[PDB]
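Take a look at this single chain, the form deposited in one PDB entry, given in structure tokens.
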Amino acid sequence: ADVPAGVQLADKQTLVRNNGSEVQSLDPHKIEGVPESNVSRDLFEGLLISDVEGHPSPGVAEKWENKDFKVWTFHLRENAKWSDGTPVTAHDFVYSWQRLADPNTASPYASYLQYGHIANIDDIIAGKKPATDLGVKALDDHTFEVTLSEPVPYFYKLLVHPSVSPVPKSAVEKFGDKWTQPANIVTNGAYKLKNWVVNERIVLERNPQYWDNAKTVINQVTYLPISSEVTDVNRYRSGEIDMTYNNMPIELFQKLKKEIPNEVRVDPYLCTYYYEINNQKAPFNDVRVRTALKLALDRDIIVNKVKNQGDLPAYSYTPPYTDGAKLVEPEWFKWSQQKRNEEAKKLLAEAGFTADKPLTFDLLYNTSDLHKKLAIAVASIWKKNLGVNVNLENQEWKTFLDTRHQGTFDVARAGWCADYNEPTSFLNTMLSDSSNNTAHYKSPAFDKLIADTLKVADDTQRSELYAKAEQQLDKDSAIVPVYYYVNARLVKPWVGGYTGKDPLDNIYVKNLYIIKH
């Protein structure tokens, strides 16, 4: 943390944050969501970390270089340690990325090493090559070298993500799937796990062995698992929470903005809210059905009438303001909603659905007052504009993510937030073999467009290919884009260091501090 000369700090440097839901896991190789990564940044530290404005900065790696953007050399700081006092070496990075790549780990982010184009990942992922073949190597204890199959200019931006953080082999090999329990876990970030009571709290305390420990201010942070955005806010107002999770209740927001204007933080956010369609299951394997649902949803009602928190109506998957995106607005988004409804109705008639034998299906969401309210509104809009009958289902966060990966659904509420600020952070998730493809979408034409982005000379050409890849995805109606998110959350006035300027929201509790109040 960089406390402003002049500010006085409080005596007790404790922080309470809501975290949206109970994490899937604390193992960096088993996580995929925002709740999981909020915890993961305070516990595990990879090669690079984000600074308070979101820029890639020194993490375990104090300095690095690249050869033709294809060979990256990371110089690890000589004092990096694990919470047990042991040294963090380039060998821990070797072992960890091999464990991420191994199909036996089953990581939802195994494909992050494919996004980075590390040599040999595809065969390793396919089980054709053993994980020991991965293009990484410890040149010496403090020198980690990565070799990629194509130049990847933004390679370093990928590295602040939890799946490329190191995991402690001794703990992992001795305790198996119990390595993350408090009595067993070994960590390397600014904090260490003090307590974890399922569905109640996660308590982290300062990790004295952190290399940047003199700059850590907050001695303890608790993360709550509250999925009701109403209860999160209520507990914030009662004084129990200093930082709400960043999902705001529709019910109370207008009230909050007028009653405590300066605690309502509302900042840019590279996330997209959409309805995920299970592309591999009839009748969702018919593009006419997918397109009719995409066109019949009325985003203006959703964004401006039901929610009205500053979200922008969406027509793509990658947010148009991502760095390096220059997207082509599609024709259907230029029409009036009435015309969208008429085309939508024709498309479903063509697919054979009647007013008397309508298309019916489940609309699944992760338990939440926000998502429930939006899904009730969406079901009514679709009923009214297209004649579809939807049945709402809700699942708890962890269960919900497992359903999506397994394909045990029809249509699901969804949100993807960038892992790095560059369009392939969104576009790589729709690749046929990506481990993050819960759309179950497979388009050889889309895969090629993305693969050609690593084979071209200039950024102009890359940017045009990302626009064509968004167009192919829209033409296939793989999803129903709804809105681009704003990052909206309540932060008490004594919480310092939360600037709201990082469009990925990669908050580190070591960078925050309690102002005396």
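Residues that one form lacks are left out of the comparison. Start at 1 with the first residue shown and count on from there. By rigid core we mean the largest C-alpha set that fits within 1.5 Å across both forms.
Keep in mind that the form deposited in another entry is not shown, yet the notes after this line are about it.
- Rigid core superposed between this form and the one not shown, residues 93, 72, 426, 236 considered: the one with a C-alpha shift of 2 Å or more is 426.
- Cα of residue 57 to Cα of residue 325: at least 3 Å shorter in the other form than in the shown structure.
- The distance between the CA atoms of residue 103 and residue 438 is at least 3 Å longer in the other form than in the form shown here.
- After fitting on the rigid core, stretches of 3+ residues whose CA atoms all move by 2 angstroms or more between this form and the one not shown lie at 272-308, 310-416, 426-484.
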